[PDB]
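All values below come from the heavy atoms of this structure, side chains included, with hydrogens, waters and symmetry mates left out. The first residue in the sequence is number 1, and the count goes up from there. Just so you know, ligand 1 is whichever comes first in the structure, and atom 1 is the first atom listed for that ligand.
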Amino acid sequence: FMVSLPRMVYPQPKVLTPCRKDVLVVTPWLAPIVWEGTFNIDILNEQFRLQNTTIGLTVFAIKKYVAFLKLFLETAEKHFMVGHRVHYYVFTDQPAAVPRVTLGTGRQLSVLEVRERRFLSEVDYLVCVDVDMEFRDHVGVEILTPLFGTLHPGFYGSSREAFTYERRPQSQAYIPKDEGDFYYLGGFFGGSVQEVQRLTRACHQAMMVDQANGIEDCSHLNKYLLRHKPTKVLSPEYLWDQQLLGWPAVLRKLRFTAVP
Ligand SMILES: [Hg+2]
Ligand SMILES: [Hg+2]
Ligand SMILES: [Hg+2]
Ligand SMILES: [Hg+2]
């Protein structure tokens with residue numbers, strides 16, 4: 001049951017004006033592709049707050065990568081799901097090195113030491129990101145959906161033959177030259193807990209099969225998302241490297257970026 005939205009005043013959507021003429025904003029399976037100018041965040045925030053949505057954010061910080069946690073968390077506090085309930089899950093081999101970062105209300109952090117079902121009872125969505133990154137602009141409930149992937153910032157303009165998919169037929173991750181929608185990158189993906197756990201289970205099983213066959217890019221992610229199409233795709237706004245790629249006109253905002 002979803003309750004009624006309150007009265008809200010905002011500009012009328014214009015049926016005979018595209019919001020972007022420079023980029024594709026829907027996939028051929030009718031999933032939105034999330035670019036700045038496609039969404040009204042006020043509408044979406046209402047829809048999500050009325051469901052009291054909790055977002056989990058998972059990050060692996062091992063060895064020297066623990067050093068990126070402070071900036072990662074500070075900037076998430078500024079930009080990630082602000083106004084909603086957030087549970088950060090930091091997987092680390094160095095629990096005592098996790099910095100003590102001050103969090104907004106309704107936001108919590110758990111540290112899990114490394115050498116499942118918990119997520120189902122704790123959060124509605126899971127977002128899995130790399131820790132060596134920083135938020136620079138809004139990353140909010142516009143991304144939330146059963147299953148989403150993000151466009152590789154190095155390849156969004158490329159033809160699919162150029163995508164660095166797995167190309168050896170003996171690999172479970174094999175995608176032929178004539179197949180492929182997009183090249184997704186593993187730095188930023190998510191969905192419902194159920195969907196994200198399906199994805200990671202399928203990648204893990206295919207990885208075991210390849211290792212069994214003596215075969216060792218985000219190639220499994222890409223095979224999964226070819227075969228189980230995401231319900232949203234995020235633009236490279238959500239996973240950028242300004243050092244390597246600059247700031248092209250097609251990017252109106254740079255939301256989540258590499259840290260040198
Ligand atoms: Hg628009
Ligand atoms: Hg995850
Ligand atoms: Hg991840
Ligand atoms: Hg995967």
Q | Centroid separation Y238 to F256 less than 6.0 Å | A | no
Q | Co-membership, hydrophobic cluster, residues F189 and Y156, 4.5 Å side-chain | A | yes
Q: Indicate the ring-plane relationship of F80 and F135, choosing parallel, tilted or perpendicular according to the 30° and 60° boundaries.
A: tilted
Q | Apex the Hg ion (ligand 2); atoms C128 SG and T58 OG1; angle rounded to 10 degrees | A | 90°
Q: Assess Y89: does it contribute an N, O or S atom lying under 3.0 Å from the Hg ion (ligand 2)?
A: no
Q) Counting backbone and side chain alike, does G37 bring an N/O/S atom below 3.0 Å of the Hg ion (ligand 1)? A) yes
Q.
What I want to find out is whether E36 reaches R255 closely enough, with some N-O distance under 4.0 Å, to be called a salt bridge.
A. yes
